[PDB]
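Engineer: Mind looking over this structure? Questions follow.
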Amino acid sequence: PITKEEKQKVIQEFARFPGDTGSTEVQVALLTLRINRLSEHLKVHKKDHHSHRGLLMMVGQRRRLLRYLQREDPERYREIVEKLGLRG
Amino acid sequence: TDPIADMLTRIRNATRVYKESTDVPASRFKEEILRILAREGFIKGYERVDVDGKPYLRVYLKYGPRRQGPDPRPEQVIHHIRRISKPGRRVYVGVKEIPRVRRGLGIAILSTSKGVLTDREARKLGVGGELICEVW
RNA sequence: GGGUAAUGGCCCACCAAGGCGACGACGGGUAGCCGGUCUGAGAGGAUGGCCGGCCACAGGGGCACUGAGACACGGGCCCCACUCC
RNA sequence: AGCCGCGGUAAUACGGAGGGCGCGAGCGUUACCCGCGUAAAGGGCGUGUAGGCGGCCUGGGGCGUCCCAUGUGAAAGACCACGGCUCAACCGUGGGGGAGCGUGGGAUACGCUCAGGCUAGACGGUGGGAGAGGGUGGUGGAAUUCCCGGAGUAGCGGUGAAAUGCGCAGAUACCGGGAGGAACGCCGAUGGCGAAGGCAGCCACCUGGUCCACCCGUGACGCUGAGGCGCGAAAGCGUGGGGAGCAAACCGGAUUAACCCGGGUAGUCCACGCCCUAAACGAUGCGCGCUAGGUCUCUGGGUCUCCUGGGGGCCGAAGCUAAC
RNA sequence: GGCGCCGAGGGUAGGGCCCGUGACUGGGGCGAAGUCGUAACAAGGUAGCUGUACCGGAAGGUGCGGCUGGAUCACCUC
C-alpha cells in the first residue's frame with residue numbers, strides 16, 4: 001500500500017547531490033525497495049506467479065546495476081551494497 | 001548494431017519508393033562515404049541538417065533519364081548497395097588482394113590506411129583496407 | 001638426493017596444495033605426418049606402398065649392458081604361445 | 001552401367017544379322033571421390049550467464065590488418081624458355097613466384113584497450129489511463145437434485161421407434177419454502193491483458209507488467225541468448241474430504257440381421273505435491289534496431305486536417321513462380 | 001655371491017567392453033496379385049487433426065480439451 005511519499009526520503013537518501021533522482025545508487029535503492037515490497041507479497045500469495053516473475057526482473061536488473069557501478073567505480077559500489085545491507 | 005549498413009539500406013529503400021532525399025544519423029565515417037558516392041554519381045549529394053539540435057546527413061537521391069517508352073519510374077542509378085566486411089565477419093584485404101567492383105562501373109568503399117578510399121584509389125597508393133561495401 | 005641426455009623430464013623422500021577443458025578429453029575406433037598427388041581453378045574433401053625428410057615396430061611384453069656418438073639399434077637375457085631338433 | 005521404360009505376337013539388346021561412335025591395341029563390369037523453412041526442417045514459453053557484436057566527439061599508446069627489406073622453408077615438382085633421346089611419358093639446366101614464420105621500420109581509417117565529455121536504448125522521478133494479469137477474503141441470482149405442505153393424477157419424462165425409469169406412492173410439466181454443490185447468461189466484440197497457461201457476476205485489499213505526457217535526472221549500466229529455475233488445456237498418480245453436473249470401461253433397448261437413445265456407480269472435481277507431451281500458432285529459428293508506407297472501421301493517452309502504441313480488410317514497390 | 005626395492009607374471013574376487021552361436025520373445029520393411037473386413041457412416045451437420053486415460057486379437061473405438069476447415073435464409077450441441 002506504500003510507495004508514494006517515502007520515495008522522497010529514499011531518493012534524497014542516496015542522492016549524490018541536490019536534484020539527483022536517478023543515479024545508479026538511487027535506481028538500485030528505489031528498485032530494491034520494490035523488491036522488498038514484492039517479496040513480502042509472494043510470502044502471502046505464493047500462488048501468484050506473474051508478480052513472482054517481475055521479481056526476478058528487478059533482481060536481475062538490480063544486479064546489473066551493481067556490476068556496472070562495480071567496473072566503473074568500485075568505490076561507491078562497496079558503499080551502496082553496504083548501505084543496502086546487500087551481502088555484508 | 002551496424003550504423004553503416006542501416007545507412008546504406010535507407011539509401012536503397014529511398015530509391016525504390018523514389019524519394020527526393022533521406023535523412024541519416026550524422027557521422028564522420030558516414031560523411032566521407034556519402035561524399036565518395038557523390039563524386040561518382042550514385043547520389044546527387046548530401047547536406048548537414050540539425051533537427052531540434054540533432055545533426056543528420058540527409059542525402060539527395062540521384063536518378064537517370066526517363067525509361068525507354070511510356071513508363072514513369074525513372075531509371076535508377078544505384079542498382080545495388082550491400083556491405084562485405086561487417087561486424088562479426090571482419091573482412092580485410094591487401095593491395096594485391098583488392099576486390100573487383102562491378103566491372104569498373106562503381107566503387108568498392110575500402111577503409112584503407114589512407115582514409116576512406118575506393119578500389120582504385122587504394123590500388124594506386126598501394127594500400128589495403130576494410131571492405132566497407134560495394135556499390136553498383 | 002642418485003643418475004644421465006647434463007636439469008626442462010624422469011626415479012626416491014618430505015610438506016602444502018589441487019591442476020586441466022568445453023575458445024570441448026582422460027576413454028572407444030580407424031588412419032603415420034608433411035612436401036606432394038588427383039579431382040580441380042574451389043580449395044574443400046579425400047588419399048598417400050613407390051619419391052625425399054621427419055617418427056614407431058626385433059612373434060609379443062619388459063629391463064638394461066654395449067655406448068665419445070655406434071644409447072633401449074643390432075644383439076643379448078627372462079617369461080608366455082608356438083615350430084624344429 | 002542409372003533412370004523413364006519395353007515384351008504377352010512385336011519399334012529397339014527377349015536372340016541374331018546388316019549398321020554406328022570411340023579407338024593405336026581396345027573397350028567393359030565392379031569397388032573409392034566430387035542453402036533454407038506461410039503447409040518435410042519452431043525449441044511450450046519466459047527470466048538470465050558464458051560468448052560475440054556494440055549511437056555521437058576529441059586524443060594517445062598501439063595489437064589485428066596492410067606495405068617495404070633480409071634469410072630459410074631448397075632441390076624435387078607445377079609454370080616459362082632452351083637443350084639432349086629428340087615423337088613423348090621422360091630427364092637435365094636457368095630463372096620467376098607464393099602463402100607462412102622470425103626480426104626491424106612506417107601507417108591509422110575501422111575493430112580492439114584506455115581517459116575526459118554527449119545522449120536521440122533503458123531505468124528512475126512527477127502527473128494520468130486501459131484490461132477477465134494473479135492471489136486472497138465476502139457477497140447475489142437463474143438452473144439442477146432431494147423432502148415436507150397444497151393440488152391433481154394416468155399419463156408423462158424421451159428418438160422417427162421403443163425399451164428402460166417412474167411402482168412405499170400419487171410421479172413429470174404447476175406453486176411456495178428448506179438443505180447442498182457446481183457452474184457461473186444479456187453486455188463478451190474482427191475485443192483486451194499476461195512470460196506461457198489461463199483468466200470474463202460484481203466489490204474491496206495486497207501485488208506485477210505495460211502505454212502515454214511534460215520532459216528534470218542518472219547515464220547505453222545494451223540486445224539476443226545455451227545450462228539452470230518456474231510453469232500448460234484434458235489426462236493418470238498419493239493423502240484429507242463434501243457435494244453436484246456430466247461422463248469413456250460397465251448395463252439395456254434398438255438398429256443390425258450400433259454410438260443414436262435411457263439409467264448410471266467407480267471416476268472426473270477443490271487444495272498441496274509429483275508430473276509437465278502434441279501446443280497455441282504457423283506473425284516462432286528466437287529476436288533487436290532502422291527503414292517504405294495511403295484510405296476505411298475499431299481500441300488507449302495527450303492533442304483535436306495530429307502524433308505515439310495495437311487488431312482486421314484492400315493495395316503500391318520489392319521478395320517468393322512452384323500458397324498467386 | 002647374498003638381501004631388499006623399483007618391475008611385471010600368474011592366481012583369486014567384483015565390474016565393464018567387443019566378437020560368434022543356441023531354446024525362445026516382440027516389432028518393422030520389402031515382393032505382388034489375392035483371403036476377410038472396413039474409420040471418414042460417401043460431407044451444413046456427419047466428420048477430421050493432435051495428445052493423454054480406459055478397453056479390444058484385430059479393424060480401432062471412445063471421452064475430455066485446444067484448433068482447422070465447411071456453410072447457407074439454418075446456432076452447434078449431448
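Letters for chains follow the order of the C-alpha cells (A, B, ...), residue numbers begin at 1 for each chain, and ligand numbers begin at 1 in the order shown.
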Excluding range 264-276 of chain D and its own-chain neighbours fewer than 3 positions away, which residues fall within 10 Å of it when counting only C-alpha atoms (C1' of nucleotides)? Please give them as a list in words.
Structural biologist: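 Result of the neighbour search: residues 44, 182, 231, 232, 236, 237, 238, 239, 240, 241, 243, 244, 246, 247, 248, 249, 250 and 251 of chain D; 64 of chain E.
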Engineer: Could you make a table, as JSON lines, of the residues of chain B that have an atom within 9 Å of an atom of chain D, each with its nearest atom pair and distance in Å to one decimal, counting only C-alpha atoms (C1' of nucleotides), in chain and number order?
Structural biologist:
```
{"residue": "B:1", "atom": "CA", "partner": "D:54", "partner_atom": "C1'", "distance": 6.5}
{"residue": "B:2", "atom": "CA", "partner": "D:54", "partner_atom": "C1'", "distance": 8.7}
{"residue": "B:3", "atom": "CA", "partner": "D:55", "partner_atom": "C1'", "distance": 8.0}
{"residue": "B:6", "atom": "CA", "partner": "D:290", "partner_atom": "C1'", "distance": 5.9}
{"residue": "B:7", "atom": "CA", "partner": "D:290", "partner_atom": "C1'", "distance": 8.2}
{"residue": "B:9", "atom": "CA", "partner": "D:291", "partner_atom": "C1'", "distance": 7.2}
{"residue": "B:10", "atom": "CA", "partner": "D:291", "partner_atom": "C1'", "distance": 5.5}
{"residue": "B:13", "atom": "CA", "partner": "D:292", "partner_atom": "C1'", "distance": 6.3}
{"residue": "B:14", "atom": "CA", "partner": "D:292", "partner_atom": "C1'", "distance": 7.6}
{"residue": "B:16", "atom": "CA", "partner": "D:317", "partner_atom": "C1'", "distance": 6.3}
{"residue": "B:17", "atom": "CA", "partner": "D:317", "partner_atom": "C1'", "distance": 6.3}
{"residue": "B:25", "atom": "CA", "partner": "D:55", "partner_atom": "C1'", "distance": 8.8}
{"residue": "B:26", "atom": "CA", "partner": "D:56", "partner_atom": "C1'", "distance": 8.3}
{"residue": "B:27", "atom": "CA", "partner": "D:56", "partner_atom": "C1'", "distance": 7.5}
{"residue": "B:29", "atom": "CA", "partner": "D:109", "partner_atom": "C1'", "distance": 8.5}
{"residue": "B:54", "atom": "CA", "partner": "D:120", "partner_atom": "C1'", "distance": 7.5}
{"residue": "B:87", "atom": "CA", "partner": "D:53", "partner_atom": "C1'", "distance": 6.3}
{"residue": "B:88", "atom": "CA", "partner": "D:53", "partner_atom": "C1'", "distance": 6.2}
{"residue": "B:90", "atom": "CA", "partner": "D:111", "partner_atom": "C1'", "distance": 8.2}
{"residue": "B:92", "atom": "CA", "partner": "D:65", "partner_atom": "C1'", "distance": 6.4}
{"residue": "B:93", "atom": "CA", "partner": "D:66", "partner_atom": "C1'", "distance": 7.5}
{"residue": "B:94", "atom": "CA", "partner": "D:66", "partner_atom": "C1'", "distance": 5.5}
{"residue": "B:95", "atom": "CA", "partner": "D:66", "partner_atom": "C1'", "distance": 7.3}
{"residue": "B:111", "atom": "CA", "partner": "D:109", "partner_atom": "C1'", "distance": 5.3}
{"residue": "B:112", "atom": "CA", "partner": "D:109", "partner_atom": "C1'", "distance": 6.0}
{"residue": "B:113", "atom": "CA", "partner": "D:109", "partner_atom": "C1'", "distance": 5.6}
{"residue": "B:114", "atom": "CA", "partner": "D:109", "partner_atom": "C1'", "distance": 6.6}
{"residue": "B:115", "atom": "CA", "partner": "D:109", "partner_atom": "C1'", "distance": 4.9}
{"residue": "B:116", "atom": "CA", "partner": "D:109", "partner_atom": "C1'", "distance": 6.2}
{"residue": "B:126", "atom": "CA", "partner": "D:67", "partner_atom": "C1'", "distance": 7.6}
{"residue": "B:127", "atom": "CA", "partner": "D:66", "partner_atom": "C1'", "distance": 6.3}
{"residue": "B:128", "atom": "CA", "partner": "D:66", "partner_atom": "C1'", "distance": 5.0}
{"residue": "B:129", "atom": "CA", "partner": "D:66", "partner_atom": "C1'", "distance": 6.7}
{"residue": "B:130", "atom": "CA", "partner": "D:110", "partner_atom": "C1'", "distance": 7.1}
{"residue": "B:132", "atom": "CA", "partner": "D:110", "partner_atom": "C1'", "distance": 8.8}
```
Engineer: Please find the residues of chain A near chain D - the criterion being any atom within 7 Å, counting only C-alpha atoms (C1' of nucleotides) - and write them as an MDAnalysis selection string.
Structural biologist: chainID A and resid 20:24 27 38 41 45 47:51 54 56:57 64:65 68
Engineer: With only C-alpha atoms (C1' of nucleotides) as the counted atoms, please give the residues lying no more than 12 Å from residue 147 in chain D, apart from itself and same-chain residues fewer than 2 positions off, as an MDAnalysis selection string.
Structural biologist: chainID D and resid 145 149 177:179
Engineer: Using DSSP assignments from the backbone, pull out every residue in range 33-73 of chain B that falls under strand (DSSP E) and give it to me as number ranges by chain.
Structural biologist: B: 43-46, 49-51, 54-56, 59-61
Engineer: If you run DSSP over the backbone, which residues in chain A end up helix (DSSP H, G or I)? Put them as a tab-separated table (two decimals) with N, CA, C and O atoms, in the first residue's frame.
Structural biologist:
```tsv
chain	number	residue	atom	x	y	z
A	6	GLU	N	7.30	8.01	0.72
A	6	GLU	CA	8.59	7.53	1.20
A	6	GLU	C	9.68	7.61	0.13
A	6	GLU	O	10.87	7.55	0.44
A	7	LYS	N	9.27	7.74	-1.13
A	7	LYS	CA	10.22	7.84	-2.23
A	7	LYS	C	11.16	9.02	-2.02
A	7	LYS	O	12.37	8.89	-2.18
A	8	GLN	N	10.58	10.17	-1.68
A	8	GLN	CA	11.36	11.38	-1.45
A	8	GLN	C	12.52	11.11	-0.50
A	8	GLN	O	13.63	11.60	-0.72
A	9	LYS	N	12.27	10.34	0.55
A	9	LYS	CA	13.30	10.01	1.52
A	9	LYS	C	14.36	9.11	0.92
A	9	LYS	O	15.56	9.40	1.00
A	10	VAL	N	13.93	8.01	0.31
A	10	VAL	CA	14.85	7.06	-0.31
A	10	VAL	C	15.73	7.73	-1.35
A	10	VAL	O	16.93	7.46	-1.42
A	11	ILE	N	15.13	8.59	-2.16
A	11	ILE	CA	15.87	9.30	-3.21
A	11	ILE	C	16.87	10.28	-2.61
A	11	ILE	O	18.06	10.23	-2.92
A	12	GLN	N	16.39	11.17	-1.74
A	12	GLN	CA	17.24	12.16	-1.10
A	12	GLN	C	18.26	11.50	-0.18
A	12	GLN	O	19.18	12.16	0.31
A	13	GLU	N	18.08	10.21	0.07
A	13	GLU	CA	18.99	9.47	0.94
A	13	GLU	C	20.21	9.00	0.17
A	13	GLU	O	21.33	9.03	0.68
A	14	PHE	N	19.99	8.55	-1.07
A	14	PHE	CA	21.08	8.07	-1.91
A	14	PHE	C	21.45	9.09	-2.98
A	14	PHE	O	22.29	8.82	-3.84
A	24	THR	N	22.85	5.82	-10.28
A	24	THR	CA	22.99	4.37	-10.14
A	24	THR	C	22.60	3.93	-8.73
A	24	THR	O	21.95	2.90	-8.55
A	25	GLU	N	22.99	4.72	-7.74
A	25	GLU	CA	22.68	4.41	-6.35
A	25	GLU	C	21.18	4.57	-6.08
A	25	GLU	O	20.58	3.74	-5.40
A	26	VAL	N	20.60	5.63	-6.63
A	26	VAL	CA	19.18	5.89	-6.45
A	26	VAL	C	18.34	4.81	-7.12
A	26	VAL	O	17.41	4.27	-6.52
A	27	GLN	N	18.67	4.49	-8.37
A	27	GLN	CA	17.94	3.47	-9.12
A	27	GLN	C	17.88	2.17	-8.33
A	27	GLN	O	16.80	1.61	-8.13
A	28	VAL	N	19.04	1.69	-7.88
A	28	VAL	CA	19.11	0.46	-7.11
A	28	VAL	C	18.33	0.59	-5.80
A	28	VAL	O	17.60	-0.32	-5.41
A	29	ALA	N	18.49	1.73	-5.14
A	29	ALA	CA	17.81	1.99	-3.88
A	29	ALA	C	16.30	1.82	-4.02
A	29	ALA	O	15.70	0.96	-3.37
A	30	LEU	N	15.69	2.65	-4.86
A	30	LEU	CA	14.25	2.60	-5.08
A	30	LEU	C	13.81	1.25	-5.64
A	30	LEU	O	12.73	0.76	-5.31
A	31	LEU	N	14.64	0.67	-6.49
A	31	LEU	CA	14.33	-0.63	-7.09
A	31	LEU	C	14.32	-1.70	-6.01
A	31	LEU	O	13.45	-2.58	-6.01
A	32	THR	N	15.28	-1.63	-5.10
A	32	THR	CA	15.38	-2.60	-4.02
A	32	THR	C	14.15	-2.51	-3.13
A	32	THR	O	13.62	-3.52	-2.67
A	33	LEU	N	13.69	-1.28	-2.89
A	33	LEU	CA	12.52	-1.04	-2.06
A	33	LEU	C	11.33	-1.81	-2.64
A	33	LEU	O	10.50	-2.34	-1.90
A	34	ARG	N	11.26	-1.86	-3.97
A	34	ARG	CA	10.18	-2.56	-4.65
A	34	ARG	C	10.31	-4.06	-4.45
A	34	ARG	O	9.32	-4.75	-4.21
A	35	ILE	N	11.54	-4.57	-4.57
A	35	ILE	CA	11.79	-5.99	-4.40
A	35	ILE	C	11.35	-6.45	-3.01
A	35	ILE	O	10.71	-7.49	-2.87
A	36	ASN	N	11.69	-5.66	-2.00
A	36	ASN	CA	11.32	-5.99	-0.62
A	36	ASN	C	9.81	-6.02	-0.48
A	36	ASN	O	9.26	-6.91	0.17
A	37	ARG	N	9.14	-5.06	-1.10
A	37	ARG	CA	7.68	-4.98	-1.05
A	37	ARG	C	7.07	-6.19	-1.75
A	37	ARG	O	6.14	-6.81	-1.23
A	38	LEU	N	7.60	-6.51	-2.92
A	38	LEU	CA	7.11	-7.64	-3.70
A	38	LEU	C	7.37	-8.94	-2.95
A	38	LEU	O	6.52	-9.83	-2.92
A	39	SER	N	8.54	-9.04	-2.33
A	39	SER	CA	8.91	-10.23	-1.57
A	39	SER	C	7.90	-10.48	-0.45
A	39	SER	O	7.51	-11.62	-0.21
A	40	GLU	N	7.50	-9.41	0.22
A	40	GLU	CA	6.54	-9.51	1.31
A	40	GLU	C	5.15	-9.87	0.79
A	40	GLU	O	4.24	-10.15	1.56
A	41	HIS	N	5.01	-9.86	-0.53
A	41	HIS	CA	3.73	-10.18	-1.16
A	41	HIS	C	3.65	-11.67	-1.50
A	41	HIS	O	2.68	-12.33	-1.14
A	42	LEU	N	4.66	-12.18	-2.18
A	42	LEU	CA	4.70	-13.59	-2.56
A	42	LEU	C	4.58	-14.48	-1.33
A	42	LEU	O	3.95	-15.54	-1.38
A	49	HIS	N	2.27	-16.28	-9.44
A	49	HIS	CA	3.45	-16.48	-10.27
A	49	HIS	C	3.84	-15.25	-11.10
A	49	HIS	O	5.02	-14.92	-11.20
A	50	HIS	N	2.85	-14.59	-11.69
A	50	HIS	CA	3.11	-13.41	-12.51
A	50	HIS	C	4.02	-12.41	-11.82
A	50	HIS	O	5.12	-12.14	-12.29
A	51	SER	N	3.56	-11.86	-10.69
A	51	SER	CA	4.36	-10.90	-9.95
A	51	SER	C	5.70	-11.51	-9.59
A	51	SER	O	6.73	-10.82	-9.59
A	52	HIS	N	5.69	-12.81	-9.29
A	52	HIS	CA	6.92	-13.52	-8.94
A	52	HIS	C	7.94	-13.35	-10.06
A	52	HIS	O	9.14	-13.28	-9.81
A	53	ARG	N	7.45	-13.28	-11.30
A	53	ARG	CA	8.31	-13.10	-12.46
A	53	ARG	C	8.93	-11.71	-12.42
A	53	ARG	O	10.14	-11.55	-12.60
A	54	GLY	N	8.09	-10.70	-12.19
A	54	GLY	CA	8.57	-9.34	-12.13
A	54	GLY	C	9.64	-9.19	-11.06
A	54	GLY	O	10.46	-8.27	-11.11
A	55	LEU	N	9.62	-10.10	-10.09
A	55	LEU	CA	10.58	-10.08	-9.00
A	55	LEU	C	11.98	-10.31	-9.58
A	55	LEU	O	12.89	-9.52	-9.35
A	56	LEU	N	12.13	-11.41	-10.32
A	56	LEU	CA	13.41	-11.74	-10.94
A	56	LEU	C	13.81	-10.64	-11.92
A	56	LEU	O	14.99	-10.45	-12.20
A	57	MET	N	12.82	-9.93	-12.44
A	57	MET	CA	13.06	-8.85	-13.39
A	57	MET	C	13.85	-7.73	-12.72
A	57	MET	O	14.86	-7.26	-13.26
A	58	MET	N	13.39	-7.30	-11.55
A	58	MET	CA	14.06	-6.24	-10.81
A	58	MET	C	15.35	-6.75	-10.18
A	58	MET	O	16.34	-6.02	-10.11
A	59	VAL	N	15.33	-7.99	-9.71
A	59	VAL	CA	16.52	-8.59	-9.10
A	59	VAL	C	17.61	-8.74	-10.15
A	59	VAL	O	18.78	-8.47	-9.89
A	60	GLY	N	17.21	-9.16	-11.35
A	60	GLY	CA	18.17	-9.33	-12.43
A	60	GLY	C	18.66	-7.97	-12.90
A	60	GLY	O	19.82	-7.82	-13.27
A	61	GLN	N	17.76	-6.99	-12.87
A	61	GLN	CA	18.09	-5.64	-13.29
A	61	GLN	C	19.00	-4.99	-12.24
A	61	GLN	O	19.98	-4.33	-12.58
A	62	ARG	N	18.66	-5.19	-10.97
A	62	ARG	CA	19.42	-4.63	-9.87
A	62	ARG	C	20.87	-5.11	-9.90
A	62	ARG	O	21.80	-4.30	-9.80
A	63	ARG	N	21.06	-6.41	-10.04
A	63	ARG	CA	22.40	-6.98	-10.08
A	63	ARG	C	23.20	-6.36	-11.22
A	63	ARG	O	24.39	-6.11	-11.09
A	64	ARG	N	22.52	-6.10	-12.34
A	64	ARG	CA	23.17	-5.49	-13.49
A	64	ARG	C	23.56	-4.06	-13.16
A	64	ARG	O	24.55	-3.54	-13.68
A	65	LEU	N	22.77	-3.42	-12.30
A	65	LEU	CA	23.04	-2.05	-11.88
A	65	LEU	C	24.27	-2.05	-10.98
A	65	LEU	O	24.97	-1.05	-10.88
A	66	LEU	N	24.50	-3.18	-10.33
A	66	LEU	CA	25.64	-3.33	-9.43
A	66	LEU	C	26.94	-3.59	-10.18
A	66	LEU	O	27.91	-2.86	-10.01
A	67	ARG	N	26.95	-4.64	-11.00
A	67	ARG	CA	28.14	-4.99	-11.76
A	67	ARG	C	28.67	-3.79	-12.54
A	67	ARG	O	29.88	-3.66	-12.75
A	68	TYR	N	27.76	-2.91	-12.96
A	68	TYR	CA	28.15	-1.72	-13.71
A	68	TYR	C	28.95	-0.77	-12.83
A	68	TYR	O	30.11	-0.47	-13.11
A	69	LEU	N	28.32	-0.30	-11.75
A	69	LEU	CA	28.96	0.62	-10.82
A	69	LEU	C	30.23	-0.03	-10.28
A	69	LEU	O	31.10	0.65	-9.72
A	70	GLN	N	30.34	-1.34	-10.45
A	70	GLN	CA	31.49	-2.09	-9.98
A	70	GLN	C	32.73	-1.89	-10.86
A	70	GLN	O	33.81	-1.59	-10.35
A	71	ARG	N	32.57	-2.06	-12.17
A	71	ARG	CA	33.69	-1.90	-13.09
A	71	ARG	C	33.99	-0.44	-13.42
A	71	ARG	O	35.08	-0.12	-13.90
A	72	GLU	N	33.02	0.43	-13.18
A	72	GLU	CA	33.20	1.85	-13.46
A	72	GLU	C	33.78	2.59	-12.26
A	72	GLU	O	34.61	3.49	-12.41
A	74	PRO	N	34.32	0.98	-8.31
A	74	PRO	CA	34.10	0.07	-7.19
A	74	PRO	C	34.14	0.76	-5.83
A	74	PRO	O	34.06	0.10	-4.79
A	75	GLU	N	34.26	2.08	-5.84
A	75	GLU	CA	34.31	2.85	-4.60
A	75	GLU	C	32.90	3.06	-4.05
A	75	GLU	O	32.64	2.79	-2.88
A	76	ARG	N	32.00	3.54	-4.90
A	76	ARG	CA	30.62	3.77	-4.49
A	76	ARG	C	29.87	2.45	-4.45
A	76	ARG	O	28.90	2.29	-3.71
A	77	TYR	N	30.34	1.49	-5.25
A	77	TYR	CA	29.72	0.17	-5.32
A	77	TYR	C	29.79	-0.56	-3.99
A	77	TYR	O	28.84	-1.23	-3.60
A	78	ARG	N	30.91	-0.41	-3.28
A	78	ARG	CA	31.09	-1.07	-2.00
A	78	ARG	C	30.22	-0.38	-0.94
A	78	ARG	O	29.76	-1.02	0.01
A	79	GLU	N	30.01	0.92	-1.11
A	79	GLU	CA	29.21	1.70	-0.17
A	79	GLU	C	27.72	1.44	-0.33
A	79	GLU	O	27.00	1.25	0.66
A	80	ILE	N	27.25	1.43	-1.57
A	80	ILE	CA	25.84	1.20	-1.85
A	80	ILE	C	25.40	-0.20	-1.41
A	80	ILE	O	24.32	-0.37	-0.84
A	81	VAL	N	26.25	-1.19	-1.66
A	81	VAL	CA	25.95	-2.57	-1.28
A	81	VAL	C	25.92	-2.72	0.24
A	81	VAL	O	25.31	-3.65	0.76
A	82	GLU	N	26.59	-1.81	0.93
A	82	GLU	CA	26.64	-1.84	2.39
A	82	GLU	C	25.48	-1.07	3.00
A	82	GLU	O	24.90	-1.48	4.01
A	83	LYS	N	25.13	0.06	2.39
A	83	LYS	CA	24.04	0.89	2.88
A	83	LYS	C	22.70	0.22	2.61
A	83	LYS	O	21.67	0.60	3.17
```
Engineer: Would you compute the distance between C1' of residue 9 in chain E and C1' of residue 26 in chain C? Give it in Å to one decimal.
Structural biologist: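 If I compute the distance from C1' of residue 9 in chain E to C1' of residue 26 in chain C, I get 27.5 Å.
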